[PDB]
Amino acid sequence: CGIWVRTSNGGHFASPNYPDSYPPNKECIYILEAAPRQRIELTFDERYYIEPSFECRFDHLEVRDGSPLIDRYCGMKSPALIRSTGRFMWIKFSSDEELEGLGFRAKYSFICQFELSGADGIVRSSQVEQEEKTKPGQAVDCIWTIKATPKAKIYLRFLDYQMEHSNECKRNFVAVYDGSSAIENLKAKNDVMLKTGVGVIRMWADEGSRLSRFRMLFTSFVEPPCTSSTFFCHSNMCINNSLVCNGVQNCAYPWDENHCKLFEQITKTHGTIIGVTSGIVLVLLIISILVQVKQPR
Amino acid sequence: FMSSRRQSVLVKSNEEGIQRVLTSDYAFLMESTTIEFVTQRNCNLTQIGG
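Residues numbered from 1 in each chain as written, not as in the entry; some residues may be left out. Chains lettered and ligands numbered in written order. Part of a larger assembly, values for the part shown. Heavy atoms only, no water. Residues with missing side-chain atoms left out of burial classes, pairs and counts.

Moving on to the UniProt feature "transmembrane region" in chain A. Per the UniProt entry, the sites bearing "transmembrane region" are residues 271-291 of chain A in this numbering. Here residues 271-291 of chain A runs as 100% helix and 0% strand, with 30 Å between its end C-alpha atoms. (UniProt positions renumbered as here; feature names shortened; annotations may be inferred. Helix = DSSP H or I, 4+ residues; strand = E, 2+ residues; numbered from the N terminus.)

Okay, here's the thing in structure tokens:
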């Protein structure tokens, strides 16, 4: 349902089935993403010129800059133009069960985030002196983007977590976002299960990188009930592309990377050697005695 | 003990707990009727105590 319009000076943005009425029970998120010093023009042509009809809290259209939510409109009005300086406009359209109507049209035009995706991996804690070397003095904060293998919900497990800077978080905290990276839905700020297939990890810090560590692992193929070939680590946790016994606790309980892992006579660390040497000496002595024995007739 | 272990030794169903018992020294306390059924269908694991 999402209509991404990245790296286009111009294009068009409108409700699903736009000349028709919008389909119900949608929940679609939209982005206007611009380069630094690239300014965004967002425009509403009204398809239906009137003061808004159904002014209420269902079927709203949110508008997101950066997330302080600028506003929510509804009914049948156009918001006036809003000039973009955050250059990352986030548009959410929601639809109810039983209020269906003319929909909407829009016109967009142009006037510490890292990528981390795959099947498995770890977000290095305070890994900021290499990506975007930020001096420790200022408050620092960064977000982390996860993308699963096609058709894969994600499960996360924290390996090391200690925010000693403060128990409270008005300064420092670690949070997880599900869905796409908006302020829309905090999954949480324990291990976690991502309902969607794209991960969002943001961390906030202040007055130093003294935060002990945020060191955690994301897993792929977490979603499906078992077809057969991947192992049943846990309930509908058949995941294996190659992570069978990958040497890391890659499941919630020890299963995939666990339970797969004549010299017995001489297996003495030093004992075998000393004893064997003494024994060879003795055998040779026995042979000496034997020579002297085959000697008398 | 279970609070300290906190999913170290815990189960969210029955059959997986049955298999965990089948694979390790696992107690897996259960209601008596299903224990009777299982220990009669199989013949390798039996209830202890009362």
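Next up on the list: the sheet that holds strand β6 (residues 82-84) of chain A. Residue and element names in this part refer to chain A. As summarised here, the arrangement of the four strands in space is β1-β8-β3-β6, forming an open sheet in which the pairing is antiparallel. Two strands in the sheet have a free side with no partner beyond their single neighbour: β1 (10-14) and β6. Taking the axes of each pair of neighbouring strands and ignoring which way they run, one obtains an average angle of 20° across the sheet. Across five bridges, β1 lies against strand β8 (residues 105-110) in antiparallel orientation. Residue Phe 13 lies in a different strand from β8, and its bridge partner there is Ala 106. (Pairing = 2+ DSSP bridges. Axes fitted to C-alpha atoms, helices over the stretch in contact; angles between N-to-C directions.)

What follows covers a nonpolar patch on the surface. On the surface, A:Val276, A:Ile280, A:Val281, A:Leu282, A:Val283, A:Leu284, A:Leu285, A:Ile286, A:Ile287 and A:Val291 cluster together into a nonpolar patch covering about 890 Å² of accessible area. Looking at the secondary structure, you find A:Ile280 in helix α1 (residues 271-294). (Patch = residues over 30% accessible without salt bridge, like charges linked within 9 Å, V, L, I, M, F, W, Y side chains within 5 Å. Areas by Shrake-Rupley, 256 points an atom, 1.4 Å probe, with all protein chains shown as cover. Salt bridge = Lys/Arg side-chain N within 4 Å of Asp/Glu carboxyl O.)

On to the side chain of A:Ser125, then. All names here are of chain A. In this fold, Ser 125 is placed in the loop between β10 (120-123) and β11 (141-147). Residue class for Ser 125 comes out buried when judged on its relative accessible area of 18%. With sequence-adjacent residues up to four places away left out, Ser 125 is seen in contact with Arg 213, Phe 214 and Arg 215. (Buried < 20%, exposed > 50% of the residue type's maximum accessible area, 1.4 Å probe, protein only. Contact = heavy atoms within 4.5 Å.)

Let us look at helix α2 (residues 15-23) of chain B. Think of an α-helix as 3.6 residues a turn; residues three or four steps apart then line up on the same face. All names here are of chain B. Here α2 has its buried residues at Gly 17, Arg 20 and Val 21. Buried residues in α2, looked at end-on, bunch into an arc of 100°, giving them a common side. Pointing more than 90 degrees away from the buried face of α2 are the exposed residues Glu 15 and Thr 23. (Arc of directions from axis to C-beta.)

Here we come to the environment of A:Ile82. Residue and element names in this part refer to chain A. In this fold, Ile 82 is placed in strand β6. Taking the C-alpha atoms as reference points, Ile 82 and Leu 99, separated by 17 residues in sequence, lie 27 Å from one another. Those residues in contact with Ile 82 that sit more than four places away from it in its chain are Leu 42, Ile 70 and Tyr 73.

In this structure, strand β3 (residues 40-43) of chain A lies alongside β6(A), joined through three bridges in antiparallel fashion. Along β6(A), the bridge assignment pairs A:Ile40 with A:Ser84.

On to empty space enclosed by the protein, then. All names here are of chain A. Each pocket or cavity is described by its volume, and for the largest cavity that value is around 340 Å³. Along the wall of the largest cavity there are 22 residues; nearest its centre are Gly 75, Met 76, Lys 77, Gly 103 and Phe 104. Surrounding the second largest cavity, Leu 42, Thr 43, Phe 44, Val 63, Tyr 73, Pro 79, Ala 80, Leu 81 and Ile 82 form its lining. Split by residue class, the lining of the second largest cavity holds eight nonpolar, one polar and no charged. (1 Å grid on protein atoms, 1.4 Å probe; cavity = no way out; pocket = protein on both sides within 12 Å on 5 of 7 lines; lining within 4 Å. Points joined across faces, edges and corners; volume = space filled by probe spheres on them. Nonpolar A, V, L, I, M, F, W, Y, C, P; charged D, E, K, R; others polar.)

All names here are of chain A. Strand order in the open sheet made by the five strands is β9-β11-β16-β13-β14, with mixed pairing throughout. Each edge of the open sheet is held by one strand with a lone partner, namely β9 (113-115) and β14 (186-188). Here the average twist between neighbouring strands, direction ignored, is 30°. Note that strand β13 (residues 173-177) and β14 share two bridges and pair antiparallel. Paired with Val 176 across the strands is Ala 188, a residue of β14.

Residue and element names in this part refer to chain A. One pass over the full model with this rule turns up five disulfides over all chains. Covalent S-S linkage joins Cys 1 and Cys 28, the inter-sulfur distance amounting to 2.0 Å. Looking down the S-S bond of the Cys 1 and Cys 28 bridge, the torsion is 105°, so its handedness is right-handed. A residue pair is termed long-range when its members are at least 10 positions apart, and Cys 1 in the segment before β1 and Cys 28 in strand β2 (residues 27-33) qualify at 27 residues. Paired by a disulfide, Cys 226 and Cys 238 hold their sulfur atoms 2.0 Å apart. Note on the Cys 226 and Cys 238 pair: the S-S dihedral is about -110°, so by sign convention the disulfide is left-handed. Taken together, the positions of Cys 226 in the loop between β17 (213-219) and α1 and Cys 238 in the loop between β17 and α1 put the pair twelve residues apart, joining distant regions of the chain. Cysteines bonded in chain A are numbered consecutively along the chain; their disulfide partners then correspond to 1-2, 3-4, 5-7, 6-9, 8-10. No disulfide involves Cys 56; its nearest neighbouring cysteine sulfur is the one of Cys 74, lying 6.6 Å away. No disulfide involves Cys 169; its nearest neighbouring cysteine sulfur is the one of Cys 142, lying 16 Å away. (Disulfide = S-S within 2.5 Å.)

A few words now on the pairing of strand β4 (residues 61-65) of chain A. Residue and element names in this part refer to chain A. Extensive coverage of β4 is indicated by the burial of four of its five residues. As defined by bridge partners, β4 adjoins strand β5 (residues 69-73) across four bridges and the pair is classed as antiparallel. Within β5, the position partnered with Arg 64 by the bridge is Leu 69. Bridge count for β4 against strand β7 (residues 88-94) is five bridges, and the pairing is antiparallel.

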